[PDB]
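So this first bit is one chain, no partners, the form deposited in one PDB entry, shown in structure tokens.
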């Protein structure tokens, strides 16, 4: 039918935006949305000054060319208008041109185009095209051999290319930190543009960042392809009549590379392919067996962004573990209620623990970490130098025998299981040290995907940081192994909502760096920075 200019000439935009220093009274319960990342410039320069990784990405996108795709674009552009090395075109406003240092101008291996009224060709020494209107560019592009055209900057330039409907896609970097800005990327209208791809999350220059792609919405061997269909002759409701169109946003994305998809894909897999089972009572799960997720802790802190999580509780839990404590009153006195239901009279009685005091959780994690194999008595007992201090041992092995394949911390004490309020969900941690870097595998026997797993990921990632620091190492991977992986029936609706949210780039965890012993951390040694998240979800929508 009819062909758009943005389509024929392959006009794209590429930008990087940070969060903006807009002061608000109560930065607890701050609303986040796509408009959160909108800061483009300050006093003529970049708000964050310099980001090596955003630069590298920018260079990669704007200089990438595929010579074999060219003749199809050539014919196409020629058809539209009736009619060595290939380069991309970069287009920028004069102000952006002048902010670039001389040593870097014109941009290497690219056709440089500058928009100006105040300056003409005679005002530039360099190999650049000077145009004075957007129409001039379109004329120029009909006359050039070039691969793609990128609009690289000036909010004035971005606004008018978007105003004029000349952008096919936006390559948009989300710099996950706050800086003083005076210039802003225009608000992308969600009826005009949808996010189709989200990259991995990275760290560079002391910020996390990721890269997203917005697309303009709907206004000598090939003989091997068929073999694929043959080898697939035995496949198959998928199994479960959850619905397709419920996950419209989830399924519309092409590249789902943000590490949060490791968790969100498992939900989807379980929902679509899970086995229907029933716990003791009449709950109510879909289940599967055996998954692995991996999170790169040197690049980000994997606190889920598709809903709001608070960490104070799980940090206090972790510190309680490290102290060796089994006293549930300690947590309740800090208003942490994680262990409360498992400490009641009724709960303990139903475990046949008739001689256990309320909130005495028995020889659980803390006790096993510090005193494995000692004879549990009560929560107030002084177990000094009894049983195996496996926490101190693993710290010693990591410091003194880093290549050991025996650095395991294990909570599953078979002799003690029946004395515990409940057997541990998190069975063991194994460590691995290469080149001054520490990775952790945690094996989980039982995994409530909806409510527990988001916190568990956070817990063990924090613990890996803690162990790395006191051992003088850098954290590398946290690797989460899931045994029995299940989604409660009563969570499904809430998880559907969640699956259709686009993740934000992850936050970062900072530890007070003065802490040199595992026993020395307190709650104020922990900071989650730049947590950007979708709204709080109640997993059970009961009322």
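Positions refer to the first chain, counted from 1. Definition used throughout: the rigid core is the maximal C-alpha set that superposes within 1.5 Å between two forms.
Not on display, but discussed next: the form deposited in another entry.
For the set 517, 512, 474, 29, a Cα shift of at least 2 angstroms between the shown form and the other one, after rigid core superposition, holds for 29 and for no other residue.
The two forms, fitted on the rigid core, differ between the shown form and the other one by 2 Å or more at the CA of residue 127. Compared with the form shown here, the C-alpha atoms of residue 29 and residue 202 sit at least 3 Å closer together in the other entry. Between the C-alpha atoms of residue 27 and residue 208, a gap narrowed by no less than 3 Å is obtained in the other entry, as opposed to the form on display.
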